[PDB]
């Protein structure tokens, strides 16, 4: 009985990382075999290149960096498939959608070009999108010092995310991330249990194909 592939995407400071950690914890506490993944996965060779870029310690040509972000997902695909086939549900903090939305926020990057490298990746069974109004995100401290951490760029990324959500091949669920950490968590947890229960029914799909 395979595991589910659940991705969390969402606006700046909406709580992707907090909710992904809490979700894995709660699923395991409820008897599921679930494990957390995140992209970028900064531990691999490619992941280090990406981390340096995001910290502004290095500059990387925009197309090159886009392909490295995708390659960083592909190198984890054998693991993702193995775990899911072993019945382990994977909760993933960001995935190909952030890949497309952030590069697509740059000038002269079509959504189509941005999607292609990720075509064929394991298709998520559930894509949660954590929505939060900017006034509310602002109360969540201040921007970080990493690349892309500024309102105007975030806004362009958000427009890209909205285009991706028009894709009905994907099980997108909107989450109101303005509530408390615990309230948001319960919303996510229940959506997740439902997905886990239905994923054991159809084979793992391929993204964007």
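Numbering follows the first chain given and starts at 1. Just so we're on the same page, rigid core means the largest C-alpha set that superposes within 1.5 Å between forms.
J.: Rigid core superposed, root mean square over structures and residues, which stretch has C-alphas farther from this form in 5 other deposited structures of this protein, 117 to 125 or 134 to 142?
T.: The answer is 134 to 142, which departs more from the shown form in 5 other deposited structures of this protein.
J.: Once everything is fitted on the core, do the CA positions of 7 to 15 or those of 197 to 205 lie farther from the shown form in 5 other deposited structures of this protein?
T.: With the rigid core superposed, the C-alphas that lie farther in 5 other deposited structures of this protein are those of 197 to 205.
J.: Averaging only over Cα atoms, indicate whether 146 to 154 or 173 to 181 has the higher B-factor in the PDB entry.
T.: Per the PDB record, 146 to 154.
J.: Mean CA B-factor: is it higher for 135 to 143 or for 73 to 81?
T.: Comparing 135 to 143 with 73 to 81, the higher mean C-alpha B-factor belongs to 135 to 143.
J.: Among the choices 25, 9, 194, 187, identify the one whose CA B-factor in the record is greatest.
T.: That would be 194, according to the entry.
J.: What's the residue among 103, 89, 116, 108 with the greatest CA temperature factor in the PDB record?
T.: Max CA B-factor in the entry, restricted to 103, 89, 116, 108: 108.
J.: Determine, from the deposited record, the chain-internal third of the Cα B-factor for residue 57: lowest, middle or highest.
T.: Its C-alpha B-factor, which the entry lists for residue 57, ranks in the highest third among residues of this chain.
J.: Looking at the temperature factor on the CA atom of residue 35, which third of the chain's modelled residues does it land in?
T.: Middle third, going by the recorded CA B-factors of the chain.
J.: For the chain shown, is the CA B-factor of residue 159 in the lowest, middle or highest third of its modelled residues?
T.: For residue 159, whose C-alpha B-factor we compare with every modelled residue in the chain, the answer is the highest third.
J.: Compare the C-alpha B factor of residue 166 with those of the other modelled residues in its chain, then answer lowest, middle or highest third.
T.: CA B-factor rank for residue 166: highest third.
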